[PDB]
S.K.: 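First, the structure itself, so that you have it in front of you.
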Amino acid sequence: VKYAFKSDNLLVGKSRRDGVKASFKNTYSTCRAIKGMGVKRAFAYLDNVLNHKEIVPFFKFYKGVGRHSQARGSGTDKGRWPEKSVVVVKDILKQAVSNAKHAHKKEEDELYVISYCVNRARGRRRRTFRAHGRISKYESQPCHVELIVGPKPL
RNA sequence: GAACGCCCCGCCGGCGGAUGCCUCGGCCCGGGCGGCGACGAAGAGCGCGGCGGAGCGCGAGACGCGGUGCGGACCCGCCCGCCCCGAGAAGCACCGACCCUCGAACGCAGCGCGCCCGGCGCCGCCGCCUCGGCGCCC
Ligand SMILES: [Mg+2]
Ligand SMILES: [Mg+2]
Ligand SMILES: [Mg+2]
Ligand SMILES: [Mg+2]
């Protein structure tokens, strides 16, 4: 699809992935948790989620997400450690930093995460069997993911 | 407080397939025509292309063969082939043939078997061959 970020007087690095086989709600929260970070920080932070040293806070899709001790100062008490969404976002981040560090020779020490947009895509459609002869749906909820890197926001 | 939610002050993305325009199709009326079959029909099965599934077509001569006319440069891919005052690609019309199994379906059965060395089903009409009767007579 097309890009949702339209700025025209910044030097940016961009990458996207269309139709990602990962939960939409999990992946939205992972991208919103790294917004505004410098790209050194977000790369460490994402490796810590993999190792259960930090959490992803959940501000939008949280009914049934458990409260945990690792989320004390964030604004909420709820979070999780989505391992498959962190695998996707890390690889999309590296393309955008490569795209920027190669089009204009800017270091990772002045790059920041300044935009994101997650959108709902069209899923795989299977079926499950219910009692008394009935059939029901069993679908996936995939996503489109985009991520922009550039200079410190102000 | 922030956030969630809600409204839109506006700028962009998704999901979905409405609206508009388009149409080798339907529907209605009128005119023709009225042309199947034991010389094996209608229908069914199986098989047939250099690379070939479906549908059209064809029948072991199988994605076609011949004859008379016409036509005159191509043959959707990859190849082949044709090319010329006739040498002949596409296309068209009539005519002659080929025409596996089942089916009115015809040696019996439906996939297996015979009688006889041509062959070998039922009904009816007309003839003919060979015959029966303590029918009527001689
Ligand atoms: Mg069940
Ligand atoms: Mg049942
Ligand atoms: Mg075929
Ligand atoms: Mg027969």
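The basis for the numbers below is simple: all heavy atoms, side chains too, and nothing from hydrogens, waters or symmetry mates. We name chains A, B, ... by the order of the sequence lines, and we start the count at 1 in each one.
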S.K.: If I pick the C1' atom on B:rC39 and the same atom on B:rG45, what distance separates them, to the nearest angstrom?
M.R.: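 Nearest-Å result for B:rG45 against B:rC39 at atom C1': 24 Å.
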
S.K.: Are A:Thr27 and A:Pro82 packed together at the side-chain level, in the sense that at least one heavy-atom pair is separated by less than 4.5 angstrom?
M.R.: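 When only atoms from C-beta onward are counted, A:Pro82 and A:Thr27 do not touch, as no gap falls below 4.5 Å.
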
S.K.: With a non-hydrogen cut-off below 4.0 angstrom, is A:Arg32 in contact with a base, only sugar-phosphate, or nothing?
M.R.: sugar-phosphate

S.K.: North or south: which describes the sugar of B:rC126, going by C1'-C2'-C3'-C4'?
M.R.: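 By the sign criterion, B:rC126 is north.
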
S.K.: Kindly indicate whether the side chain of A:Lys90, heavy atoms from C-beta on, has any atom under 4.5 Å from the side chain of A:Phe43.
M.R.: yes

S.K.: Quick test of your reading of the model: are A:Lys101 and A:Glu108 salt-bridged, counting only N-O distances below 4.0 Å?
M.R.: yes

S.K.: Over 60° means perpendicular and under 30° means parallel, so classify the ring planes of A:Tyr28 and A:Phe61, tilted if in between.
M.R.: perpendicular

S.K.: Check the distance between B:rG14's P and A:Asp18's CG and give it to me in whole angstrom.
M.R.: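 After rounding, the gap between these two atoms is 9 Å.
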
S.K.: Could you state the CD-P distance from A:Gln141 to B:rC15, rounded to the nearest angstrom?
M.R.: 15 Å

S.K.: Write down the distance between CZ (A:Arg124) and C1' (B:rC15), rounded to a whole number of angstrom.
M.R.: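 Going from A:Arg124 (CZ) to B:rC15 (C1'), I get 19 Å.
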
S.K.: Show the nearest heavy-atom pair for residues A:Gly123 and A:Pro142, with the distance to one decimal.
M.R.: CA-CD, 3.6 Å

S.K.: Which string of ( ) [ ] | and . matches RNA chain B, if you list each base 5' to 3' and count Watson-Crick or G-U pairs only when both distances are under 3.5 Å?
M.R.: ..........................................((((.(..[.....).).....((.(((...(..]...).........))).))...)))....((...))((...))..................

S.K.: Quick check: on RNA chain B, is the nucleotide nearest A:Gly75 upstream (toward 5') of the one nearest A:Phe5, or the reverse? Name the residue that is more 5'.
M.R.: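 Going by which nucleotide is closer to the 5' end, it is A:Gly75.
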
S.K.: Just curious, B:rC15 north or south if you read off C1'-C2'-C3'-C4'?
M.R.: north

S.K.: Return the value, rounded to whole Å, for the distance between atom CZ of A:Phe24 and atom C1' of B:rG13.
M.R.: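 Checked: the CZ to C1' distance equals 12 Å.
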
S.K.: For the pair made of CD in A:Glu146 and P in B:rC12, what is the distance, rounded to whole Å?
M.R.: 15 Å

S.K.: Determine the interatomic distance between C1' on B:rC9 and the same-named atom on B:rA3; round to the nearest Å.
M.R.: 22 Å

S.K.: Based on the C1'-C2'-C3'-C4' dihedral, does B:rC85 have a north or a south sugar?
M.R.: south

S.K.: Sign of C1'-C2'-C3'-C4' decides it: give me the sugar pucker of B:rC9, north or south.
M.R.: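 By the sign criterion, B:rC9 is north.
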
S.K.: So does A:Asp47 pair up with A:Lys53, basic N to acidic O under 4.0 Å?
M.R.: no

S.K.: Please report the distance separating the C1' of B:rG81 from the corresponding atom of B:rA89, rounded so that it comes out in whole Å.
M.R.: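 Roughly 9 Å separates the two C1' atoms.
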
S.K.: With a 4.0 Å limit, can you tell me whether A:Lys60 has a side-chain N or O closer than that to the phosphate oxygens OP1/OP2 of B:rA3?
M.R.: no

S.K.: Hey, can you pull the residues of residues 113-120 of chain A with a non-hydrogen atom under 4.0 angstrom from RNA chain B?
M.R.: A:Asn119, A:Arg120

S.K.: Could you check how far CZ of A:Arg16 sits from P of B:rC12, rounded to whole Å?
M.R.: 17 Å

S.K.: What's the OH-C1' distance between A:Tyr28 and B:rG14, to the nearest Å?
M.R.: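 Rounded to whole Å, this separation is 15 Å.
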
S.K.: Once you look at the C1'-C2'-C3'-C4' sign, would you call B:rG30 north or south?
M.R.: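 Pucker of B:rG30: north.
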
S.K.: On a heavy-atom basis, which atom in A:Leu11 and which in A:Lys106 lie closest, and how many Å separate them?
M.R.: CD1-CE, 3.7 Å

S.K.: For A:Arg80 and A:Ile55, work out which heavy atoms get closest and say how close.
M.R.: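 Closest heavy-atom pair between A:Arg80 and A:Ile55: O-CG2, 3.6 Å.
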
S.K.: Closer than 3.5 angstrom, by distance alone: can the side chain of A:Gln70 be matched with the main-chain N or O of A:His52 as a donor-acceptor pair?
M.R.: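 Checked: pair present.
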
S.K.: Taking for each residue the nucleotide of RNA chain B with the nearest heavy atom, is it A:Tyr3 or A:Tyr62 whose nucleotide lies nearer the 5' end?
M.R.: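 That would be A:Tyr62.
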
S.K.: Mind checking the CZ-CD spacing from A:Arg124 to A:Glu139? Nearest 0.5 Å is all I need.
M.R.: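 Reported to 0.5 Å precision, the distance equals 10.0 Å.
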
S.K.: Between atom CZ in A:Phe61 and atom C1' in B:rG5, what is the gap in whole Å?
M.R.: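 Result: 13 Å.
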
S.K.: Using atom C1' of each nucleotide, how far apart are B:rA90 and B:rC82 to the nearest Å?
M.R.: 11 Å

S.K.: In Å, rounded to the nearest 0.5 Å, how long is the span from NZ of A:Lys152 to CD1 of A:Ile114?
M.R.: 12.5 Å

S.K.: Expressed as a whole number of Å, how far does the P atom of B:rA54 sit from that of B:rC63?
M.R.: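 Their P atoms lie roughly 15 Å apart.
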
